[PDB]
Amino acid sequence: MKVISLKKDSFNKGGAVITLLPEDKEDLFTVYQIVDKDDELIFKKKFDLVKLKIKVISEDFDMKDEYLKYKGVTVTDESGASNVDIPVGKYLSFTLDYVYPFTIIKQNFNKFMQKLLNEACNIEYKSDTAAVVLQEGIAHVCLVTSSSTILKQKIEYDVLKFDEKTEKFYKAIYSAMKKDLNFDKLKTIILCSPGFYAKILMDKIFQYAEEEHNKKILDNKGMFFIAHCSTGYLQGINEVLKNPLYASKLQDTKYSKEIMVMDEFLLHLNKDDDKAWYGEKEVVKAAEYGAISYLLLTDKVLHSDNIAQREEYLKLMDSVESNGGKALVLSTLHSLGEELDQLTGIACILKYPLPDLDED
């Protein structure tokens, strides 16, 4: 994502004018979480490219197809900056492309949407993925984009045997990781190699973490994924990424924390624990007692038509976290989010049982 400019208001806290350029399919999903019914879009269409402007009435979104089309009606522009000689009220659609920026004009831009919009501009963390590709005597610490990979540091210098040389290797590779990698932003870390190196590196990183009591790693073994590839050079990473035997596992690391929380949530729910609830009413109540350890929301529910509800939900996240809980957003592009959606899109795990939250 590229943001060209972004102007907010004085008198209207939700007001913004955003000019941006989506660059890949993930950007299409970001955009989708921002544009609301009744926002206006100014865009270029070739049907010579002219500037047109519509008020959004509905949309057509399909992740599979890299497809996002906004449908609305032309509005008047006495500016002459767009919709020149085109009549007010005309039906018009805008299918996003990766070539020309367009402009969103919104009244209800919120702090959550801005985060999303920003995270989508961060070019090396957009996909939350690092990798270390190893061979003997050479390891590359990397960040992975959806098109490239970024060499972030190079390290160089029977295989299962202890050596003074190889010990300084791994210890180096591991320090070049906590130095070059924001473990607080990453959800996947591929360790891959020919032979045993990736696995040895994995074991080492974990020795070292236990030693330093480094808890940002230890508390997150879920993000690590060891894989095989032919060589210790950058091409290896792409082998892993393109390899179908690693597809499900690649996803399971990225949603590792979500898999846990959902497991834990279903655990309580399937056990009449009173420590798990779903429904706006139940969760709103729960929050009132400061009892929520996990707040669960779908991304769908946070950019709904219901601005009151979506702001309630947004505060609810501030509330729960300020009270010592965690809040997470479940991708509705995947089964966990789909699942939560079936339970109204909002749910919670409580710190301690609370009965009759559904009773009035």
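Just count from 1 along the sequence shown to find any residue number.
Asker: If the chain runs straight from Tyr233 to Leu234, say none; otherwise bin the unmodelled deposited residues as 1 to 3, 4 to 9, or 10 or more.
Answerer: Unmodelled stretch: none, continuous chain.
Asker: From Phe47 on to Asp48, does the model leave out none, 1 to 3, 4 to 9, or 10 or more residues of the deposited sequence?
Answerer: Gap between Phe47 and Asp48: 10 or more residues without coordinates.
Asker: Out of 7-15 and 338-346, which one has CA B-factors that are higher on average in the deposited record?
Answerer: According to the PDB entry, the answer is 7-15.
Asker: Give the stretch, out of 182-190 and 82-90, with the larger mean C-alpha temperature factor in the deposited entry.
Answerer: Comparing 182-190 with 82-90, the higher mean C-alpha B-factor belongs to 182-190.
Asker: Of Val75, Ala131, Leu269, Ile138, which one's C-alpha B factor is largest in the deposited record?
Answerer: Out of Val75, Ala131, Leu269, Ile138, the record gives the largest C-alpha B-factor to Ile138.
Asker: Per the entry, which of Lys254, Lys154, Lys281, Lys111 tops the list for Cα B factor?
Answerer: Largest recorded C-alpha B-factor: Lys154.
Asker: Going by the CA temperature factor in the PDB record, which third of the chain does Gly290 belong to: lowest, middle or highest?
Answerer: CA B-factor rank for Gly290: middle third.
Asker: Should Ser148 be placed in the lowest, middle or highest third of its chain by the C-alpha B factor in the entry?
Answerer: Its C-alpha B-factor, which the entry lists for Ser148, ranks in the highest third among residues of this chain.
Asker: For the chain shown, is the CA B-factor of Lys71 in the lowest, middle or highest third of its modelled residues?
Answerer: Its C-alpha B-factor, which the entry lists for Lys71, ranks in the lowest third among residues of this chain.
Asker: Compare the C-alpha B factor of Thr103 with those of the other modelled residues in its chain, then answer lowest, middle or highest third.
Answerer: It belongs to the lowest third of the chain when residues are ordered by C-alpha B-factor.
Asker: Tell me, lowest, middle or highest third: where does the Cα B factor of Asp163 rank within its chain?
Answerer: Highest third of the chain for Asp163's C-alpha B-factor.
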